[PDB]
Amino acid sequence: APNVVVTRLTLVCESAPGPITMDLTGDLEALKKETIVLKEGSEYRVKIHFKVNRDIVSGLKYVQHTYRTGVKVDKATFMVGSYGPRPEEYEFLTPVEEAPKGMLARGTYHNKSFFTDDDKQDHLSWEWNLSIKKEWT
């Protein structure tokens, strides 16, 4: 078992009718078929769940690349920092942001996320799809 294990991604959104989350311990190829849905203009935070099993780590970073077909990538990096080993998973949350809005904001976006560090370790790399819709349903 590696020292850092990424376990889950959650979109924290007070107005969502239900939990928006994905298990990151499973088959990564199957995560693409699981699309998660955000109402346009919704306020959200990205929450990354992870475990540190053996040794203090430093310089943890969450990197999130968002692709719409035919458009330059929308890139964001977030410093996560230093964490020591413990049985319970940790939770890191990005600052609050707003999903885009308007009919032209709707559609599917293809994300690729990286949980890494200062030593450029590939703790996890994974793809997931986001659908922006006019309504939650």
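Rigid core here is just the name for the largest C-alpha set that superposes within 1.5 Å across the two forms. The first residue of the shown sequence is 1; numbering continues from there.
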{"query": "Greater Cα displacement in 5 other deposited structures of this protein once the core is superposed, comparing 65 to 73 with 99 to 107", "finding": "65 to 73"}
{"query": "Core-aligned Cα RMS comparison in 5 other deposited structures of this protein - stretch that moves more, 28 to 36 or 82 to 90", "finding": "28 to 36"}
{"query": "Mean C-alpha temperature factor, higher of 23 to 31 and 59 to 67", "finding": "23 to 31"}
{"query": "Mean C-alpha temperature factor, higher of 73 to 81 and 99 to 107", "finding": "99 to 107"}
{"query": "Of the residues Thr10, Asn129, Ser15, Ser113, the one carrying the largest Cα B-factor as recorded", "finding": "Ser15"}
{"query": "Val52 - Cα temperature factor, lowest/middle/highest third of chain", "finding": "middle"}
{"query": "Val5 CA temperature factor, ranked by third within the chain", "finding": "middle"}
{"query": "Third of the chain's Cα B-factor distribution that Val37 belongs to, per the entry", "finding": "highest"}
